[PDB]
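S.K.:
Chains as they are written, first to last, in the entry's author numbering: chain B, 153 to 253; chain C, 32 to 288; chain C', 32 to 288; chain C'', 32 to 288; chain A, 25 to 216; chain A', 25 to 216; chain A'', 25 to 216. A prime marks a further copy of an entry chain.
(1) Any residues in the segment 66–89 of chain A' with a beta carbon nearer than 8 Å to a beta carbon of chain B? Which ones, in chain order?
(2) Please go through the segment 81–140 of chain C' and give each complete alpha helix (DSSP H) segment of 4 or more residues, from N-terminal end onward.
(3) In chain order, what residues of the segment 165–186 of chain A put their CB closer than 9 Å to some CB of chain C?
(4) With distances taken between CB atoms, is the gap from residue 181 (chain C') to residue 243 (chain C') smaller than 8 Å?
(5) When the cut-off is 8 Å and only beta carbons count, does residue 61 (chain C'') lie next to chain C?
(6) Please classify residue 142 (chain C'') as buried or exposed, where buried requires at least 16 neighbouring CB atoms within 10 angstroms.
(7) Does residue 189 (chain A'') pass the burial test, meaning 16 or more other C-beta atoms within 10 Å, or should it be called exposed?
(8) Determine the chain A residues that contact residue 70 (chain C') at a beta-carbon separation under 7 Å, and present them in chain order.
(9) Given a threshold of 16 other Cβ atoms within 10 Å of its Cβ, counted over all protein chains shown, does residue 82 (chain C) qualify as buried or as exposed?
(10) Please classify residue 141 (chain A') as buried or exposed, where buried requires at least 16 neighbouring CB atoms within 10 angstroms.
(11) Please state if the CB of residue 75 (chain C) and the CB of residue 61 (chain C'') are separated by a distance shorter than 8 Å.
(12) Under the assumption that residue 123 (chain A') contacts residue 191 (chain A') (Cβ atoms under 8 Å), give the Cβ distance between them as a whole number of angstroms.
(13) Answer yes or no: do residue 216 (chain A') and residue 251 (chain B) have a C-beta to C-beta separation smaller than 8 Å?
(14) Taking only beta-carbon positions, decide if residue 65 (chain C'') is within less than 8 Å of chain B.
(15) Which of helix, strand or coil does DSSP assign to residue 132 (chain A)?
(16) Counting only Cβ-Cβ distances shorter than 9 Å, please list the residues of the segment 44–67 of chain A' near chain B, keeping chain order.
(17) Can you name the residues of chain A'' whose CB is closer than 8 Å to the CB of residue 49 (chain C')?
(18) So what does residue 234 (chain C'') bridge to, in DSSP terms?
(19) Just to make sure I have the definition right: I need the residues of chain C' whose C-beta is within less than 8 Å of the C-beta of residue 86 (chain C). Which are they?
(20) Taking DSSP as the reference, what is the three-state secondary structure of residue 83 (chain A)?
(21) Nearest-angstrom Cα distance between residue 156 (chain B) and residue 169 (chain C)?
(22) Looking at residue 245 (chain C''): is its Cβ nearer than 8 Å to the Cβ of residue 161 (chain C'')?
(23) Please list, in chain order, the chain A residues whose beta carbon lies closer than 8 Å to that of residue 80 (chain C').
(24) If you reduce the DSSP assignment to three classes, tell me which class residue 45 (chain C'') lands in.
(25) Given a threshold of 16 other Cβ atoms within 10 Å of its Cβ, counted over all protein chains shown, does residue 59 (chain A') qualify as buried or as exposed?
(26) Would you kindly work out how many angstroms separate the C-alpha atoms of residue 230 (chain C) and residue 56 (chain C'), rounded to a whole number?
(27) Let me check one thing: in DSSP terms, what residues is residue 158 (chain A'') bridge-paired to?
(28) Could you give the DSSP three-state label for residue 198 (chain B): helix, strand or coil?
(29) Using DSSP's beta-bridge definition, name the partner residues of residue 208 (chain B).
(30) Using a Cβ-Cβ cutoff of less than 6 Å, which residues in the same chain neighbour residue 234 (chain C) once the five nearest sequence positions on both sides are dropped?
(31) If you measure between the beta carbons of residue 85 (chain C') and residue 38 (chain C), is that distance less than 8 Å?
(32) At what residue ranges does the segment 245–288 of chain C' contain a whole run of the alpha helix (DSSP H), taking only runs of 4 or more?
(33) Go ahead and label residue 178 (chain C') buried or exposed: buried means 16 or more other beta carbons lie within 10 angstroms of its beta carbon, across all protein chains shown.
(34) What would DSSP say about residue 156 (chain C), mapped onto helix, strand or coil?
(35) Between the segment 187–211 of chain A and chain E, which residues of the former have CB atoms less than 9 Å from a CB of the latter, in chain order?
(36) Output the distance between the C-alpha atoms of residue 33 (chain A'') and residue 146 (chain A''), rounded to the nearest integer angstrom.
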């Protein structure tokens, strides 16, 4: 099956919307079932608050129903990971907003 | 060895026992047309990942130049592209003779005015992007018969100025890109304004780029017989335009913190 | 990178920490013996397509020359092949002395006569093919004691002639490949006939190639005491044979329109 | 051709129709990270076969030398390895003065004595192997004050001798690697014994390598006041050790026929 | 040597792009090209260079005759139905069957009926009664390509006869083309 | 050219070894590095080179104060919790809030309480009342590496004040490190 | 380096052709060849070069004795049963146990009984009473190869004794072959 995951940078309205104009990636199930999507830096400012405005709207819509057979699952599990790009940078160290353990 | 090795043995064994007529058998082994590969295709801000690709097709001896050699449309190929930067009428107003010095004739929200109506060349694209970075080229036109006289102040006011407008001393606005244009002398003013803001990019459909205004330097001195309906028009062109952030159709997106 | 890369890392990492004794681990990665390939084998007018082939086998240090170095069979290796072109008895008939000039002694359907009976060397192959293109070498033999005399006309008649035989003037048949053979002088006649037809190929088991005949040039003048039973025999050999169209066993197939 | 060929056509077709801006599409095809390969890994007497391997992992910029550069343990790196060959106390006995010439003082089962108790350096490994081939270095120590006198016969007796011991003439045992050591003169005897047997290897936990013994050459002549408790100690070191046959933990295995 | 692909083992989903002259073999078989004539009869220029009946008109008076010209779904010209677009010279064969008179003939791709009222500007070659002419109409088409199927794929033909007395008759028409440019072959047609 | 692997299509089970700086692209995207300052604020030496509050102690008498020093789960120093082992110089910032007196300060990694009884051998820099000092304690650790988490990951700090009269006060402490050596990054911490 | 194929991972369906001397390894193992004798005892010429009992016959008179000679399913010669065809010299060891006389011995592959009536033409070496001879019969076989199994795989042996008086006895026979040519090894035999 296929699955299209898009991303509207800097979006705030949490609502399902056509991803035709959003940065999307179509995922066709095969041997390498891990799919990546990059969001390039998008903000008015040169640097952006670490804990400020959202990164954007993340949506993963179904493109083609997950097919199966007598001995295969009718539904599967998915995991979403996140990391910084090779051009990632952090700038000013500020106070803390939370306490770890 | 094996199972790859078979075309050779059969082809050879057939070869060894061959007589005058020749071999009575030929065997060839190779990889299937449908191999275990993965194809990836990327269009504008999109990436299609397929792990079960097939040989792409196309018409006979096709021509993808897509350019009409006959030019049934005699326009620059990049016409549609540059169209949004086209010069357009941003505003029109009729100066009233009674108006005092320093009065604001008319003003235009910058830069969202270029998408003022759905009939604006730039309105189309402006919808699909939340961020904008552009330069302007204004042409404020004011026509008045020779008998009459007067002067207007065409000046560009960045958000900073527009914000604190009342705190600024009129008569000093000449410090901003302006054009004291003396009527009966000039019928049009030209202003080239680059991207000016305290942020790298300005939210589309916003007035953050500041706004162009037209003030009354010296009220209109219209003689008795002379006409009394003077119109002030503001035209705008985009020296350079740049839409970056993608977004839903005309949906308010915050590029700011 | 990966999953191909592992033999090297394990083999290397094992390598890096190695001490005096040596490495304590070796890892090698490669492709399985059973790879994703396709094999194709073609024999006479056949093609076997297999997408799941396996390593072909064969006996120890085998010899596929298939030729008996001792020649327990002292025959030319191509004996079986040429066998069908072998000379054979196509017909035999006893000329009757009473017969008038121009009478037809005997005739043989060409070329289907070479497959006249299942005891004909060419009968075997002729069954598995519908089309034929061949050359002939006839040897009509007629023996008569010296005391007697006479003459027979051995002539080849293509389908055209055989068709319109009654419309042709006897005595002019000498225009066709023939052998006026005067008895008491010659005991055998030789005729080399190439493929003659209005079509590139002739249907197997057909008379389209025409037929060889033997006529009475001048009746037999047999003296009183002399014998009166003269036999006429027709032998045939194939200078060159060619069976092309495949077909079921002895099934009438139409090569013509 | 196909399905491998697609990155090029799409990449090219995209390429051909490209204008000033550039191509509007790029396509690349290749093999998946998870290819059809097989990995094999071998450790000491082991072989792991995997047909569905994955890219091996490891920490950041790792160091597999595994050697502590600070030597928090100031010992030879091969200490643990050689440990089992270490010199150890195999036996101790108190010679009794009354004993007659030729009397057997003490004896040690060879080579199973080096694994005499679970407190023997070699006991550990000796458990995991059924076959052994080694050399010995004995050091029989006997201390006696100067006032006293006497002599003992330290001799190595292979299985052959041990078997037929009563059939051999004492006083001739000097033919075997021995050390007639005269007390009051020598306090220790040294014997270097190589692997001696009628079989290439000896079963571990067996006396097949023969046994070292200590006899009474001449009884102890202990004066009145002198001490009367003389102890005889047997120390053993492995010049060279070799454990080959693998086996369950300390399970009797027959290497012999 | 020969690959299994050329021995029959292939995949239908790997045929694109369109137009793959792949060779097919077996041990006793090889593509053998034999020509029976000095030239090809399959070439578009040759095949179509030969006319084929179109239609007939019977005239009892001078009234003008305008008929849409289209490709045949009937003669050997039907081979054109395998294509989608056409462009090039058009050979029109007209036979004037009459006792005494003249036949004005003209051709235009222009759809407007009025443009044909004044026939002279268009062309109007003259075939005396009892004579037949073959006029080659150029591609004066306002459209770069002519969908090959259209009821007017080919431009309209005009026939007006300048009769003299009560004489009447019939005008048979045949069509052929000079060097034809066909593009984008479409699926084969069905039968009626 | 670009492979499908660098276009997003990959396999999570083929990531080892750890640390793969693989580039990710699309037609309109390329990794662009832009620096806003003349140097990095992500480098361990720089980030940690800046102190952060630790704890405060109020003293009404000279009694000695010994406190385990550990990495913060509170300030920007929390970024250390992403590592497992540490080793290097340790900058201790102490503020002596008092009217009239002196503050003895010393640092040791030694767990034994008794070793700190005679403070002078250990160090004991002197901060006069109303003054603040920044002493850099070396890695006199009996352990090659300091698990970064331990309630005593960092060595113990000793503060004894030589007061003169009834005067009392409070001693605030801040910590920072000079050039830190972190190893074997572990999973990110949870929140309270 | 070493491939996974040589480490144990293989496929039984990819063994053909027959006879693959593939090497098998592990980290502490390598094929080590050690020879205990100056020559091989596995070579066909050597092994079979050593005789083995066949059968015994007791004779009370001169009557001739003909016995089919076949390969043993009993002694070390059984190793021949692993083959299908044989050809080469045949060593026949005969012992004549008698008091006073002579023993005529002859060998022929000819199946006809009559050919052996006149023994002299065939051979008939003479072993005096109490003596034993070893005659090497050539491959005078009318068949290029001798199926190794046949009850007469080896040619028939003839023994006729020219006794003198009432004397009687027994003739023990042993067989061996000189340089044997075996072909097309077949599956191992079963046990009784």
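A virtual CB, placed ideally from N, CA and C, is assigned to each residue, including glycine.
M.R.: Straight from the coordinates:
(1) 66, 71, 74
(2) 110–113
(3) 168
(4) As a working mapping, residue 181 (chain C') is identified with position 150 in the third chain. As a working mapping, residue 243 (chain C') is identified with position 212 in the third chain. Not a contact, by the Cβ cut-off of 8 Å.
(5) Here residue 61 (chain C'') refers to the residue found at position 30 of the fourth chain. Cβ-Cβ to chain C under 8 Å: yes for residue 61 (chain C'').
(6) Reading the fourth chain from its first residue, position 111 is the one you call residue 142 (chain C''). By the neighbour-count rule (16 or more Cβ atoms within 10 Å), residue 142 (chain C'') is buried.
(7) Counting from one through the seventh chain, the residue named residue 189 (chain A'') turns up at place 165. Per the 10 Å Cβ criterion, exposed.
(8) Position 39 of the third chain holds residue 70 (chain C'). The answer, in chain order, is 28.
(9) Stepping through the second chain from its first residue, residue 82 (chain C) is reached at position 51. Buried: at least 16 other Cβ atoms inside 10 Å.
(10) Indexing the sixth chain from 1 puts residue 141 (chain A') at position 117. It counts as exposed.
(11) Counted from its first residue, the fourth chain places residue 61 (chain C'') at position 30. Counted from its first residue, the second chain places residue 75 (chain C) at position 44. Not closer than 8 Å, so no.
(12) Translated into the one-based positions of the sixth chain, residue 123 (chain A') becomes position 99. Translated into the one-based positions of the sixth chain, residue 191 (chain A') becomes position 167. Yes, residue 123 (chain A') and residue 191 (chain A') are in contact; Cβ-Cβ is about 5 Å, under 8 Å.
(13) Locating residue 216 (chain A') in the sixth chain gives position 192, where the first residue counts as 1. Locating residue 251 (chain B) in the first chain gives position 99, where the first residue counts as 1. Against a cut-off of 8 Å, the Cβ pair of residue 251 (chain B) and residue 216 (chain A') comes out as a contact.
(14) The count along the fourth chain starts at 1 and reaches residue 65 (chain C'') at position 34. Yes, residue 65 (chain C'') counts as interfacial toward chain B.
(15) For the purposes of this step, residue 132 (chain A) is taken as residue 108 along the fifth chain, with counting starting at 1. Strand at residue 132 (chain A).
(16) 45, 46, 47, 48, 49, 50, 52, 53, 54, 55, 56, 57, 58, 59, 60, 61, 64, 65, 66
(17) Reading the third chain from its first residue, position 18 is the one you call residue 49 (chain C'). Within chain A'', no residue comes near residue 49 (chain C'); the closest Cβ sits about 12 Å away, beyond 8 Å.
(18) Reading the fourth chain from its first residue, position 203 is the one you call residue 234 (chain C''). Answer is C'':162.
(19) Start at 1 with the first residue of the second chain, and residue 86 (chain C) comes out as number 55. Near residue 86 (chain C) there are no residues of chain C' at all, since even the closest Cβ is about 16 Å away, more than 8 Å.
(20) The count along the fifth chain starts at 1 and reaches residue 83 (chain A) at position 59. It is a strand residue.
(21) By 1-based counting over the first chain, the position of residue 156 (chain B) is 4. By 1-based counting over the second chain, the position of residue 169 (chain C) is 138. Straight-line Cα distance between these residues: approximately 44 Å.
(22) Here the question's residue 245 (chain C'') lines up with position 214 in the fourth chain. Here the question's residue 161 (chain C'') lines up with position 130 in the fourth chain. Going by C-beta atoms, residue 245 (chain C'') is not nearer than 8 Å to residue 161 (chain C'').
(23) On the third chain, position 49 is the one that residue 80 (chain C') refers to. Those within 8 Å of residue 80 (chain C') in chain A are 28, 31, 32, 33.
(24) One-based indexing of the fourth chain puts residue 45 (chain C'') at position 14. Reduced to three states, the DSSP call for residue 45 (chain C'') is helix.
(25) Here the question's residue 59 (chain A') lines up with position 35 in the sixth chain. Exposed is the call here.
(26) For this step, residue 230 (chain C) is matched to residue 199 along the second chain. For this step, residue 56 (chain C') is matched to residue 25 along the third chain. If I take the Cα positions, the gap works out to 59 Å.
(27) Here the question's residue 158 (chain A'') lines up with position 134 in the seventh chain. Residue 158 (chain A'') pairs with A'':117.
(28) Taking the first chain and counting its residues from 1, one reaches residue 198 (chain B) at position 46. Here residue 198 (chain B) sits in coil by DSSP.
(29) Numbered from its first residue, the first chain carries residue 208 (chain B) at position 56. Paired residues: B:161.
(30) Taking the first residue of the second chain as 1, we reach residue 234 (chain C) at position 203. Same-chain partners within the cutoff: 286.
(31) Locating residue 85 (chain C') in the third chain gives position 54, where the first residue counts as 1. Locating residue 38 (chain C) in the second chain gives position 7, where the first residue counts as 1. No; because the gap between Cβ atoms is not below 8 Å, this pair is not in contact.
(32) none
(33) For the purposes of this step, residue 178 (chain C') is taken as the residue at position 147 of the third chain. That one is exposed.
(34) On the second chain, residue 156 (chain C) is found 125 positions in, with the first residue counted as 1. Here residue 156 (chain C) sits in helix by DSSP.
(35) In the displayed structure, chain E is absent; the protein chains listed are B, C, C', C'', A, A' and A''.
(36) Working through the seventh chain from its first residue, we reach residue 33 (chain A'') at position 9. Working through the seventh chain from its first residue, we reach residue 146 (chain A'') at position 122. Roughly 59 Å between the two C-alpha positions.
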